[PDB]
Amino acid sequence: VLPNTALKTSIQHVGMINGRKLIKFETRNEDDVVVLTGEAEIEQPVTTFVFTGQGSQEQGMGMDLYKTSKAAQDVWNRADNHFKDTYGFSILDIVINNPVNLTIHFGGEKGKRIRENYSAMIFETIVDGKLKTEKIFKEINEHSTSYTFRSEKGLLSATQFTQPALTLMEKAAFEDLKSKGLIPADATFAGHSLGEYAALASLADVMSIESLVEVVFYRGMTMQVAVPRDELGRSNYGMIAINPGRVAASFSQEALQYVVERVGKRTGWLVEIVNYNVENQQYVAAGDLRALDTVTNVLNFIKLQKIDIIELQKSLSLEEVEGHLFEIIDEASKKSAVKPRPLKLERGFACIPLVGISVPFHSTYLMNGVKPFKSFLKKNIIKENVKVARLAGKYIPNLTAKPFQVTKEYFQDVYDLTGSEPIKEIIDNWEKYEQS
């Protein structure tokens, strides 16, 4: 109750969240009185959420969060039940106690579950790395008791168990924040070569939990067979990192393309200006290292070009091929990584690859345009219109559903605003394996 003017004091605090923030305050008087209830207003800020990067994996991995919330608990156990109902081993038995180099062997008795485990739901894996119908990783013909995995650095390795483990850890780590109403009606979505998968698998989910963990382990197996090479085990691939290079950032962006006149390599993910990745074909880490260490001998931008490069460089590339066969790297203006593949040079590793597999277990009823902000990798925002920049990527249905289409209906909701996204999000899921 009120009048005109003789003032007051009050108490103020940050109540809860609702879906934003929630504040707690009510107005009083001089010795703190009370009437006319209490104010609120959930004041928040322009949030932005992102994702992981497939590189900081370890033993712990949010297993303290596993015991914390039941919602954090069960989602970690949900697909865990689904694993042994598809392919028997508990990932929770993997990451809590790491099955170090002698890993799990698939005990897998031939009773009721023979057709589910030592049969179909495995032994249908096809690699398009060579001549197409190449069934992956044989000696799992009909009997084949105890097909056995083993690493040599602990089981949390091989980009095969870590990738389903990494996407399940942070996903349940996000949903506790969903449990306490810490998310606005719209925000940002990002990923870095794995978090794009756990983007519409995370907040704004379109898939099930068990649909996620299959297609990661599908993919986390698929990247391993990107190249048939070295029966003992060694790689002709690799990744290298870089400094700024006596000022840089399109310093050598064309100059690496002068190296691929002759042999062929790419850049990895253009992550920063002070950070870059280059897709390596093994001699680049050895032969072109002096080619990039020639330039730290003091040389910045000078005048006009075309009297120039690799007549100096290929004096050094063919110089250590006689040095070794699977050459160990070096530092000096080139910090090495330790992978064994690419992230773009796959090229012909779609078509019937994951490109085929996504039609299973991700097709139709794929939500609304609530994900109009899933600005995925190698793109810009998310708008269901004349996104012609998708055609400059990997053409297939993207000139079959493009100019053949364009207003082939009435642009209503129902299915027209469902199928249009269903193709392109499949197509956004397409060469994300490729195109670094």
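Residues numbered from 1 in each chain as written, not as in the entry; some residues may be left out. Part of a larger assembly, values for the part shown. Heavy atoms only, no water. Residues with missing side-chain atoms left out of burial classes, pairs and counts.

The record names cryo-EM as the way this model was obtained, at a resolution of 4.70 Å.

You'll find the chain entered in the PDB entry as Fatty acid synthase subunit beta, with Saccharomyces cerevisiae given as the organism. What the PDB record gives as the title of this entry is "Co-purified Fatty Acid Synthase".

Following both chains from N to C, one finds helix 4 (residues 162–179) and helix 5 (residues 209–222) inclined at 145 degrees, their axes separated by 8 Å at the closest point. As for the relative orientation of helix 4 and helix 5, their crossing is right-handed in sense. Note on element contacts: helix 5 touches helix 4 through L212, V216, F217, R219 and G220, opposite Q163, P164 and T167. Looking at the contact of helix 4 with helix 5 residue by residue, the class counts come to four nonpolar, three polar and one charged. (Axes fitted to C-alpha atoms, helices over the stretch in contact; angles between N-to-C directions. Helix = DSSP H or I, 4+ residues; strand = E, 2+ residues; numbered from the N terminus. Left-handed = near helix turned anticlockwise from the far one by under 90°. Contact = heavy atoms within 4.5 Å. Nonpolar A, V, L, I, M, F, W, Y, C, P; charged D, E, K, R; others polar.)

For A204, which is not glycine, the phi torsion reads 50 degrees and is therefore positive. By the element assignment, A204 lies in the loop between helix 4 and helix 5.

This part is about the packing of helix 2 (residues 70–84) against helix 4. In the contact formed by helix 2 and helix 4, the axes pass within 9 Å of each other and the chain directions differ by 160 degrees. As far as their axial angle goes, helix 4 and helix 2 are roughly antiparallel. With respect to the hand of their crossing, helix 2 and helix 4 are arranged in right-handed fashion. Contacts from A72, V75 and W76 of helix 2 reach helix 4 at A165, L168, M169 and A172. A per-class count over the contact of helix 2 with helix 4 returns seven nonpolar, no polar and no charged. (Parallel < 35°, antiparallel > 145°, perpendicular 65-115°, else oblique.)

Attention now moves to the side chain of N280. Tracing the chain through its elements places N280 in strand 7 (residues 277–281). Of note is the side chain of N280, whose polar atom sits 3.2 Å from the backbone nitrogen of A285. (Polar contact = N/O pair within 3.5 Å; in protein donor to acceptor, adjacent residues only side chain to side chain.)

Once that is clear, we can look at the sheet that holds strand 6 (residues 266–267). Ordered by their spatial adjacency, four strands build an open sheet running 6-7-5-8, and the pairing between neighbours is antiparallel. Only two strands of the sheet have a single neighbouring strand rather than two, namely strand 6 and strand 8 (335–336). In terms of strand pairing, strand 5 (residues 237–241) meets strand 7 through five bridges, oriented antiparallel. Opposite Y237, over in strand 7, you have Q281 as the bridge partner. Against the sheet, helix 7 (residues 283–293) engages strand 5 and strand 7, with an angle of about 110 degrees to strand 7. (Pairing = 2+ DSSP bridges.)

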